[PDB]
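# Notes for the structure review
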Amino acid sequence: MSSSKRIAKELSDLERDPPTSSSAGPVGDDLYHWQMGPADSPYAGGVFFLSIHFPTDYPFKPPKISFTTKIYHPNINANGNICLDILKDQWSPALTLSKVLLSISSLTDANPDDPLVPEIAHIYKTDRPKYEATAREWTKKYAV
Amino acid sequence: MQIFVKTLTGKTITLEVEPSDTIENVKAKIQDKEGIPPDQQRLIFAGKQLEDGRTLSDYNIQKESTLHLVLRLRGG
Amino acid sequence: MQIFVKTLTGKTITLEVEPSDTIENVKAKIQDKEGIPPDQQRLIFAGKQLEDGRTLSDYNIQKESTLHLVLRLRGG
Amino acid sequence: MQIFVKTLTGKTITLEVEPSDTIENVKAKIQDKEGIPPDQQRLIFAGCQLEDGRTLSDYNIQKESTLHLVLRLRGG
Amino acid sequence: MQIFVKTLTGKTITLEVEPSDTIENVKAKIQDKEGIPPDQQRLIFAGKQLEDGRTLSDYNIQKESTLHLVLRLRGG
Amino acid sequence: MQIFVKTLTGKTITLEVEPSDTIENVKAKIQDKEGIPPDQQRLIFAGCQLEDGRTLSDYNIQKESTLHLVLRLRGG
Amino acid sequence: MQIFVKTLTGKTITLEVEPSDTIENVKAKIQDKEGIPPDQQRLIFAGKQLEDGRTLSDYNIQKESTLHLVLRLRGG
Amino acid sequence: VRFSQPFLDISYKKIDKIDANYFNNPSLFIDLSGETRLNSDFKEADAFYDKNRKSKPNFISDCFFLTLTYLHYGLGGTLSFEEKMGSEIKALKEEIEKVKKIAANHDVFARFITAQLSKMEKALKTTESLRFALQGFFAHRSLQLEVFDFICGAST
Amino acid sequence: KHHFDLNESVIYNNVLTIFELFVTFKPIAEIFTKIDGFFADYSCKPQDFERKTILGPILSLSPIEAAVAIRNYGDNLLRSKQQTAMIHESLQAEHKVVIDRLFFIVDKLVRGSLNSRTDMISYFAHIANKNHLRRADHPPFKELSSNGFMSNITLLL
């Protein structure tokens, strides 16, 4: 009745204005099943594969997003859980999928108060050198 | 048909190709138009790395689409 | 620089600032009344985000422009 | 006020807690009622862990909230 | 023109190089994978240390010339 | 500089230390040479125990001084 | 108030004080030159002891009276 | 539990014998430390203790509640105590063939290994004894009948 | 796969003789040192130098092995000095024989070639430096090379 009409336009906005360091769209043929590490970050040299499943209330609920490529980040576990404060607090209906991808690209700046993996959180707290070394290690390991 | 290929520097090049062409053909065109080795080339489309044995029609690549090209390798 | 601020329910306070100050120093006049910890220093401006660590010249806080203070419930 | 928590076997031991009290502050009220040293005291709320030194009001744990006394791979 | 180098524990590795590459540049091409402090640069060819200031050219380094990565120089 | 330490069986493992280093700082250089987790790291000097967090210069331990790596009732 | 102070070997400094000050504030002009931590703030006066925590009116520090500063080696 | 059924008579005439106001004063013999309440907090509990501000001794009421207390802390604990025993029997049998599937061809280590399962088979026969003994007296319909009668009466 | 102890006097002799033929030929020695499985893994487990390299299965033979002594001296637990001296004088001769046999191997191995002798030196040194934990009061025995092996190679080299 209402659900699908948002997705097509939010998707055609890609063709109307392509993004800088990303690419979106359906993973296969399903409408609700949709599918670049920053240079100034140890993720550099890494391009990521993402799993997206819009819920039936996607225009009115935040879509849960999962990772396919393993990463070494405090706010990320092996399950690709995103500690994005927008989705669970202010995931407004006006926030585009492109805006969500931008907030993901903001992850770069790590949030220490949300230690999804506290072992990596303390390392980011004091052991940034080995943090950035191991991040590139896993970058070359998985995110070719 | 014309398409968009983006390198890691954000440099956008319009490549005029046909859907029947293979990804290997596209990478050869890229190496001709910039000299960049094809073995380092890693094309990304909608979060999908493409295969030189496959063609543009296989992955629903329409014209005016955006492709992200990723380089690799270093001084050892 | 008199900048207004209002919470979710509609309560507001009257606070002073200077054009070259920082948002945390502006926040330092937000914990003068309630005593709000800096960890909950959230600023909302027309569908965008305003990080606490920056300055007033970066937040373009005009004359008598109302900002939004919302209790932060971080965690994840 | 009083809050809840449940183990793996389903038992629901309640215990009074205070907004000022830290996570170790509440976990100190655990071995008294179940005999579990805080070395293995593992708390999950809404699928997210709790920081050790963090206080009670650091996770907006309201009255009549829910905890989940889970255990790590320790013991035995 | 890539070269091999073995550590005390014997980690064989490769690094593409040039005749004009300075020794400190070569060492800078090492902590990328090993995370070694370049100040403790200690490279051993033919039973000789490598004069850091010079380049590889003044040494008779040949195709896949073996090196020894002994840079402990500790320390603590 | 370098200092000494001896176990119950008489072995005398030396180890470099620094005046800034804390007692846990030096004990971190113990499991590397004897494989002893710091949970049982027990230090006696001149018949008096040493505080965990205190630094090396907190016990006037001069150069070529003596420690005594003793153990508590733990292990086994 | 000019009060002299001399260490064990005979080296001395020239420092200023006020009659109503505290010995730690007088000590605060002892770590100005060397940087002596307050933990070693030892004062000797004619076979008696002078605790750090008290004031100058309690130490009867007269005009141009030399005090004794000796490095503390506390521990026991 | 036997003291209960007289005042828990099937005629139900001794209901007024047990005072429902038994928890107006603070406790006298039973502990309340860690005693969670139904729908009130300690903050209201301590105040309500005082809010009445007045105390007539009687064995019957104390015995009634001590009955439930021993019911819960007692065999109520026992049933869960044996609830893991059935899992423990499978756990014990899990390693029974694990230490027998190895090559048992030593000279004296083989004898030590055989002594290591001579006690293990007795352990299995004891765990099975406990599991098949706790079950039967639970299946002792008379005892459980009395217990359930007490449950019904207390609920009444 | 198919407990290579010194008990089976009809196996290890054959295994030694199997190398005995290779070691004789000078062209065999000069290149025997560069084969697959010669070196162990770069980060090999210290207790895995026993069964994850070329030589580890043949020179690890030594009387100190647990089961051999269990069978010989652990059979008669209350034996007197002469009874255990019987086991000694019985097994020490075999020990001397095997020591000499495998020293003959390693001699030609060192006399194989320039890279051969460099490789053998490296192969010993690598096993050495990964056993510093042996000098603790309570070393991780289950995480360290069996002392029979690291003792045999000592009087061998």
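Residues numbered from 1 in each chain as written, not as in the entry; some residues may be left out. Chains lettered and ligands numbered in written order. Part of a larger assembly, values for the part shown. Heavy atoms only, no water. Residues with missing side-chain atoms left out of burial classes, pairs and counts.

The deposited coordinates derive from cryo-EM, with the record listing a resolution of 4.85 Å.

## So, the interface of chain A and chain B
Note the threshold: Throughout, a residue-residue contact means that at least one pair of heavy atoms, one from each residue, lies within 4.5 Å. Only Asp, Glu, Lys and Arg are considered charged in this grouping, and only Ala, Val, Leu, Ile, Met, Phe, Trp, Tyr, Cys and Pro are considered nonpolar; every other residue, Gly among them, is considered polar.
If you look at the interface, chain A gives 13 residues, while chain B gives 12 residues. Each residue belonging to the side of chain A that touches chain B can be placed in one class, and the counts come to 7 nonpolar, 5 polar and 1 charged.

## Some remarks on the sheet that holds strand 3 (residues 42-45) of chain D
The following threshold applies: Any two strands with at least two DSSP bridges between them are considered paired. Secondary structure elements follow DSSP: runs of H or I no shorter than four residues count as helices, runs of E no shorter than two count as strands, and numbering proceeds from the N terminus.
Spatially, 3 strands are ordered 4-3-5 (chain D) in an open sheet, and the strand pairing comes out antiparallel. With one partner strand each, in any of the chains shown, strand 4 (48-49) and strand 5 (68-70) of chain D form the two edges of the open sheet.

## Points about helix 1 (residues 23-34) of chain B
Here is the rule: In this analysis, the expected span of each helix is defined as 1.5 Å times one less than the number of residues it contains.
For helix 1 of chain B, which comprises 12 residues, the first-to-last C-alpha distance of 16 Å matches the rise-based estimate of 16 Å (1.5 Å per residue) to within 8%. Residue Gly35(B) follows helix 1 of chain B closely and has a positive phi angle near 80°.

## Things to note about the interface of chain A and chain C
Bring the parts together and some accessible area is lost; that lost area is often taken as the interface size. Taken together, the contacts link 6 residues of chain A with 4 residues of chain C. Looking at the side of chain A that touches chain C residue by residue, the class counts come to 3 nonpolar, 1 polar and 2 charged.

## Some remarks on the packing of aromatic side chains
Worth spelling out the cut-off: Note on aromatic pairs: the rings of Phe, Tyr and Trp (six-membered ring only in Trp) are paired at centre separations within 6.5 Å, and the planes decide the class, stacked below 30 degrees, edge-to-face beyond 60, tilted for the rest. Two conditions define a charge located above a ring, namely a distance within 6 Å from the ring centre to NZ of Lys or CZ of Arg, and an angle within 35 degrees of the ring normal.
Ring centres of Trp138(A) and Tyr142(A) lie 6.2 Å apart, and the angle between their planes is 80°; this geometry places the pair in the edge-to-face category. Residues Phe38(I) and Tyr123(I) carry aromatic rings whose centres are separated by 5.7 Å and whose planes lie at 35° to one another, so their mutual orientation is tilted. In this pair, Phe38(I) is assigned in the loop between helix 2 (26-32) and helix 3 (66-72) and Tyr123(I) in helix 5 (residues 114-129), connecting sequence segments 85 residues apart. In textbook terms, an aromatic cluster arises when at least three aromatic residues are bridged by ring pairs, as seen for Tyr72(A), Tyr124(A), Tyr131(A), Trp138(A) and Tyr142(A). The ring of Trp138(A) has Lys70(A) lying over it, and the distance from NZ or CZ to the ring centre is 5.0 Å. Across the ring face of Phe7(H), the terminal group of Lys14(H) is positioned such that the distance to the ring centre comes to 4.8 Å.

## A closer look at the UniProt feature "active site" in chain A
Operational definition: UniProt positions are given in the numbering used here, feature names are shortened, and annotations may be inferred rather than shown by experiment.
Residues given the UniProt feature "active site" here are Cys83(A). Take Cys83(A): it is sitting in the loop between strand 2 (64-67) and helix 2 (85-89). When neighbours within four sequence positions are excluded, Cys83(A) is seen to be in contact with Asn75(A), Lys88(A), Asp114(A), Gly75(C) and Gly76(C).

## Points about the arrangement of the chains
In this assembly, 11 pairs of chains are in contact, and the pair with the greatest number of contacts comprises chains A and B. In this assembly chain A lies apart from chain G, the nearest approach of their C-alpha atoms being 27 Å. As for chain G relative to chain C, no contact occurs, and the smallest C-alpha gap between them is 32 Å.

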